[PDB]
Structures are given as structure tokens and as C-alpha cells.
């Protein structure tokens, strides 16, 4: 049978504090649940935001982490698609394949377990984590900051057994999102003129996608010029820093492209830049995709004239990929060398040093740091 597992996990006892390396207890999988041995997990600003406690719906204590890759340790009752030994990637965006969202080809927003997941609980309404006699909450349905985690069976992507887990763990977030933003949401045509605001892992993935789609011009935008070199390696035809111009960035872009770009992607989470991104789009057919996640309460704005004259405002969640069926295919595209993953890894750390990943982010020197479990 599946017995309780005692392992290590990085616990966030409270907001605004460093993660704590603790010894925790991980209950066996219940019906339709999967316990996964996490081999590698990445860290990104999403975890840091929740950690800062700025997230109104963020609760503690909790085990963060949403970019993981590992191996199925055991499955609960009724699980037949997965088995111990299967190579997998936990997904914060599940795919039950039965709800109205999963059945609609235009979205990937499965709502099957959203409510419980939002409360850091499994579908049955409880947590599988405990530490020092206290219940510890799950996070984004994945909690990859643990040697072992339990997730809903519909939050699992079975992938190629040969995939390097210390790499593909990044397909659990940034890469897949940016890439999909370009090919699924925007669906840009060959020859398209693009602008990408924010050159972090998400922006680079968008550039990668724009290149795959055959974009003619890809203009990278970031206030941190250190991001430019890698952006060009990914395919950006040129990069500009808004700080080097006195006019609003959208005016600069409009001037550089004789009217504006065909497609723009905001990968920062700044509502003022989102507006700029929209207005930087060419009249008549310009399309702007919001990828960044703005702070709660903030809102975007513009004059309706912008839309009436042809521009379209869109958004994306996890690049629009129906998670369970897409992630494996994304892993295969990486294996076949169609897309990149390795190039996103800027730093590597051991589990005990996980907190260093946060310092790296606050230094502005990282795309994606990989932490070895």
C-alpha cells in the first residue's frame, strides 16, 4: 500500500519571509490523485509574488513551486492512465477533458478543480501536507517545492521517458506560455512585424514563437539592456529601451514600423505598458496580447477609438495550451530541437539553497533558476 512519506520540503510559514527547509509528511494519494517524486523545480516571480504576501488570496503556511518535473511514485484509487515510474510534469492548469471549457477548442481553462485548488486543497477538500503537527496548503495544484507532492490526477502530463527533467520542468510555466501566446493566441502569420515588451523567460518564449511562425521583424523591449543579448540570440531583430526615448514607447514603435506592429505582446504585468503595447499596434489590423499578470485591482485603459479603428486586445493563460495533451507534445518539440528549453536556464542550485533563487530574481540577473531536488 501507499504509506505516508516523510521528506524534505521548502515551507513558507508566512508571507514576507524566506522559505524554510522542513521535514514534512506527505499522505498517500486518495482516489484520483497522483503522488509525484519531484526531480527538479524552477522558481519564478509567480512564487515570489505569493511569497511576498501581496497576493490577497495567498494563504500560509504553504508549499510553493509550480515549475516541476518528476516521476510518479504512486497513484490513488481509480487511476489507470498513470502508474509508478511514469515521467511527468505537474500542471497548474488541468485538463479534465469533460467540462465545457475542455470541450471547447477555443480555451484551455479547465474549471473542474479551480475552487479547491484556489484554496490550496485537493479536490476532496483537504491537504496532503503536514509539518510539525500543522496542515500545510498546496499551491497552484502542484507544490513543486517538495521532494514529494500530491496532485489531482487531471493535473498531470505524461512525457517522454528520455526527457531531461532538470530542463523540461520549465515547460510547466514560462516557456509554454510565451510560445503559445505567439502560435495559439496571436496565431501570427509568416512575415509579421512583432514587438515584445518584457524580455524575461516569458518574453523570450514569445520571441521564440514569433521566430517559429516566421515573423519578419521582432522588436524586443525592456528597461534592462542586459536582457538584449539573449533576446537577439532567440531571434529579436533589434531591442530598444523605453528609457532611451523621450516620447511614449508606442510612438517610438509606430515611427519605427511606419504605422505600428502587426502583433505586440506584453510580458511584464504593467497596465501602463499594456496600453502602450495596444497603441503600438498598427491601425486596421494590429493585435496585442496581454501575457503579463497585473496586480489585483489595477486596470487597463485606452480610447475606444483604438479598437474602432481596427486594433484587437487579447490575453492568454498558459499560452492557450490544453495542458494534458499539449505539454507532452511540447516536450517532443524540444527533444526534436524544434523549440529551445536549455537556453532558458541561467542558474542552478541545490534544494537547501532554494532561497538564493529569490535573490537572483531581485537582482534582475535571471531568466529561470533550476533547483535540483
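Only the largest set of C-alpha atoms that superpose within 1.5 Å between the two forms is called the rigid core. Positions refer to the first chain, counted from 1.
Please tell me which region, 328-336 or 42-50, has C-alphas lying farther from the displayed form on average in 7 other deposited structures of this protein, with superposition done on the core. Between the two stretches, 42-50 moves farther in 7 other deposited structures of this protein.
Of the two stretches 163-171 and 126-134, which shows the higher Cα B-factor on average in the entry? Higher of the two, by average CA B-factor, is 126-134.
Got a sec? Mean C-alpha B-factor, which is higher, 31-39 or 45-53? On average, C-alpha B-factors are higher across 45-53.
Tell me, please, which of 204, 295, 219, 267 has the highest C-alpha B factor according to the deposited entry? So the option with the highest C-alpha B-factor is 295.
Most elevated Cα B-factor in the entry, residues 86, 279, 189, 244: Within the set 86, 279, 189, 244, 244 shows the top C-alpha B-factor.
Of the three thirds of its chain by CA temperature factor, lowest, middle or highest, which one includes residue 326? Middle third, going by the recorded CA B-factors of the chain.
Using the temperature factors of the C-alpha atoms in this entry, rank residue 262 within its chain: lowest, middle or highest third. For residue 262, whose C-alpha B-factor we compare with every modelled residue in the chain, the answer is the lowest third.
Is the Cα B-factor recorded for residue 112 in the lowest, middle or highest third of its chain? Within its chain, residue 112 is a highest-third residue by C-alpha B-factor, going by the deposited values.
Which third of the chain holds residue 66 when residues are ordered by C-alpha B factor: lowest, middle or highest? As the PDB entry reports it, the C-alpha B-factor of residue 66 lands in the middle third of its chain.
For residue 151, return the chain-relative third of its C-alpha B-factor as stated in the PDB record: lowest, middle or highest. Tercile = lowest for this residue's CA B-factor.
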